[PDB]
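Below is one structure, written out as structure tokens; comments come after it.
A quick note on method: Cβ atoms are made from the backbone with ideal geometry, for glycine too, and the neighbour counts reach across all protein chains shown. Since every read-out is calculated from the coordinates, none of them should be taken as a lab result.
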Ligand SMILES: *SCCOc1ccc(CCNC[C@H](O)c2ccc(O)c(O)c2)cc1OC
Ligand code: NA
Ligand code: NA
């Protein structure tokens, strides 16, 4: 019963930079993976960027080198720097939290989602 | 008397409860050398003196170990000698005749234990049993040295003298079927339980992860356990004997050691899996693939097969002592006799090595969770209870057995066989608890619901 507050999504010109944000209000297990997923028009839900609770990160092959994920020090707020945006990056970006408190499996939390549009 | 129900009114079934069946020479509560069913060999403190008297009774070199046929033959000889001793005495017979069939047996019990002349020592008690003053004789007998040395058996015999029924021994039969219906449930829970798990991962595509590929292995070892090991194991305990032959004795034993080793070693793999899947999830997803994981599983079964079927089918696991040789020669005996080598070698591989890894791994999990990029939350308290159940259950089930299994061989048995088989079953039921521990995921939850349409 925790919450995820997304903010940042909007209209940008092709090549412009955009910053996303996701505040995790509630109590989450220490070991976790926060990140972002997107749904391109007519495409399945894809992993954009993800950062473990241990600092390490992970990106997709189509965004690695343009997108840079990072997180706050104690507020559990993950920021997603999005630079050199493409018209094919236009999608619905969801916030995501992988909890590990069950040890054997991983429970998922999600956000409301934000719309990001890139003018081709 | 047209009586073919299980329990009857006889001294034979009465003594078997008081005096257990032991094929090898042992010492009673007094300290005298005894074999079989309460058959006194000698009061001599020398074991070799007991062997000589034993071999003069059987008629062959027994090496302090007899068979079931020879044990029963001695038992009936002793009971007959007890009765013939009662009838040939001046104090016993006037009482014996004036007793009912049940109370007659109670008198034979004492004579079977402390000899003809000994029971005749009870001048007051016998007079009271002769005048049918049961309650007074019940109190008087509770003041004897026989009561102070064997209070458990005395209380049962005295009660039988008092009531005139078999109330003290008939309570044994309720537990016979009472534990049978429990075993009947254990088998069902394991079979139906693990089939459900395997069916879920095999059908649904969302449950096809590396961790679940290990779950499938665990569910496989536990399934065969509930189909091969557990049933055949219970089938003998209830029937007191093994009715399948020597070839299937070791084969069933081979399956046992195989599946149990594969089950515990898989628990170890899952533990390590969930460590890397949490600690270093990005490297875990790249390095460990389904092909690599299939190699890991293959390794586990090979190690399990190398420590089960390989030594057993080659008679390497076998012990050398006289009691072991007999059981290997007996078609109705399928006891688990091993040497110091195999007992330790198997325990380390089957249990201890996975135990060490599972503890060290889960410790690092609780360790590296305190050192992250982050105030008294309850999400960590609940997660702590989870691992306390995962590891606690596995411990509470198998640890009592493998500790005893290692003590069972380090010294000549001071640990009862009743305890040995019981603690194996406490480990057996772990194969039923597993799906209730390693399949609580929301995806498993939804899968289990649709697999039976609840
Ligand atoms: S009624 C006939 C005898 O019943 C009987 C005999 C022997 C056993 C032993 C069964 N367990 C073996 C044990 O699980 C085990 C597994 C793996 C290893 O490595 C080792 O060393 C032991 C059981 C029964 O009846 C249950
Ligand atoms: Na009969
Ligand atoms: Na045998």
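Every residue, every condition in (1) over 30 Å from residue B:287 (Cβ atoms); (2) within 16 Å of ligand 3 (Cβ to nearest atom); (3) touching a strand residue (DSSP E or B) at 6+ places or on another chain (Cβ under 8 Å); (4) within 14 Å of chain A (Cβ to nearest Cβ), yes or no:
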residue	(1), (2), (3), (4)
B:206	no, no, no, yes
B:209	no, no, no, yes
B:212	no, no, no, yes
B:219	no, no, no, yes
B:223	no, no, no, no
B:226	yes, no, no, no
B:230	yes, no, no, no
B:236	yes, yes, no, no
B:243	yes, yes, no, no
State the number of residues belonging to the stretch A:1-50 that are more than 15 Å from the chain's Cα centre (by Cα) and assigned to a strand (DSSP E or B).
-> 4
Over the stretch B:237-249, the set of residues in a helix (DSSP H, G or I) and surrounded by fewer than 20 Cβ atoms within 10 Å (Cβ to Cβ) is B:237, B:238, B:239, B:246, B:247, B:248
Go through the stretch B:82-107 and count every residue that is in a loop (DSSP other than H, G, I, E, B) and touching a helix residue (DSSP H, G or I) at 6+ places or on another chain (Cβ under 9 Å).
-> 5
Evaluate the stretch A:41-49: report whether one residue or more is touching a strand residue (DSSP E or B) at 6+ places or on another chain (Cβ under 9 Å), more than 13 Å from residue A:98 (Cβ to Cβ), more than 12 Å from chain B (Cβ to nearest Cβ) and buried (at least 22 other Cβ atoms within 10 Å of the Cβ).
-> yes
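Out of the stretch B:313-329, which residues are more than 20 Å from the chain's Cα centre (by Cα) and either within 8 Å of ligand 3 (Cβ to nearest atom) or part of a helix (DSSP H, G or I) (or both)?
Filtering the stretch B:313-329 for residues more than 20 Å from the chain's Cα centre (by Cα) gives B:313-316, B:320-322, B:325-326, B:329.
Within the stretch B:313-329, B:313, B:322, B:325, B:326, B:329 meet the criteria.
Where residues in the stretch B:373-398 are assigned to a loop (DSSP other than H, G, I, E, B) and facing chain A (nearest Cβ under 7 Å), which of them is surrounded by the most Cβ atoms within 10 Å (Cβ to Cβ)? Let's see the steps before the verdict.
Here is the first cut: in the stretch B:373-398, the residues assigned to a loop (DSSP other than H, G, I, E, B) are B:373-378.
Remaining after also requiring facing chain A (nearest Cβ under 7 Å): B:373-374, B:377-378.
Values: B:373: 14, B:374: 18, B:377: 14, B:378: 8.
Out of the qualifying residues, it is B:374.
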In the stretch A:33-57, anything farther than 17 Å from residue A:22 by Cα and in contact with a helix residue (DSSP H, G or I) (Cβ under 8 Å, 6 or more places away or on another chain) is listed as A:40, A:54, A:56
Out of the stretch B:399-442, which residues are surrounded by fewer than 16 Cβ atoms within 10 Å (Cβ to Cβ) and within 14 Å of chain A (Cβ to nearest Cβ)?
-> B:436, B:440, B:442
Check A:72, A:89 and return the single one that is touching a strand residue (DSSP E or B) at 6+ places or on another chain (Cβ under 8 Å) and within 14 Å of chain B (Cβ to nearest Cβ).
-> A:72
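Here's the yes/no breakdown for (1) in a helix (DSSP H, G or I); (2) touching a strand residue (DSSP E or B) at 6+ places or on another chain (Cβ under 7 Å); (3) within 16 Å of ligand 1 (Cβ to nearest atom); (4) more than 21 Å from residue B:222 (Cα to Cα):
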residue: B:354; (1), (2), (3), (4): yes, no, yes, no
residue: B:358; (1), (2), (3), (4): yes, no, no, no
residue: B:371; (1), (2), (3), (4): no, no, no, yes
residue: B:400; (1), (2), (3), (4): yes, no, yes, no
residue: B:404; (1), (2), (3), (4): yes, no, yes, yes
residue: B:413; (1), (2), (3), (4): no, no, yes, yes
What strands (runs of 3 or more DSSP E) completely inside the stretch A:58-120 contain at least 3 residues that are out of contact with any helix residue (DSSP H, G or I) (no Cβ under 8 Å at 6 or more places or on another chain) and surrounded by 15 or more Cβ atoms within 10 Å (Cβ to Cβ)?
-> A:67-71, A:77-82, A:91-99
Any residue in the stretch B:204-222 that is assigned to a helix (DSSP H, G or I), in contact with a helix residue (DSSP H, G or I) (Cβ under 9 Å, 6 or more places away or on another chain), farther than 13 Å from residue B:438 by Cα and within 11 Å of ligand 1 (Cβ to nearest atom)?
-> no
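Return a yes/no flag: does the stretch B:265-284 have any residue that is in a helix (DSSP H, G or I) and within 12 Å of ligand 1 (Cβ to nearest atom). Please lay out each step first, then the result.
We begin by selecting, within the stretch B:265-284, every residue in a helix (DSSP H, G or I); these are B:265-279, B:281-284.
Filter once more, so that each one left must be within 12 Å of ligand 1 (Cβ to nearest atom): B:265.
There is at least one residue in the stretch B:265-284 that is in a helix (DSSP H, G or I) and within 12 Å of ligand 1 (Cβ to nearest atom).
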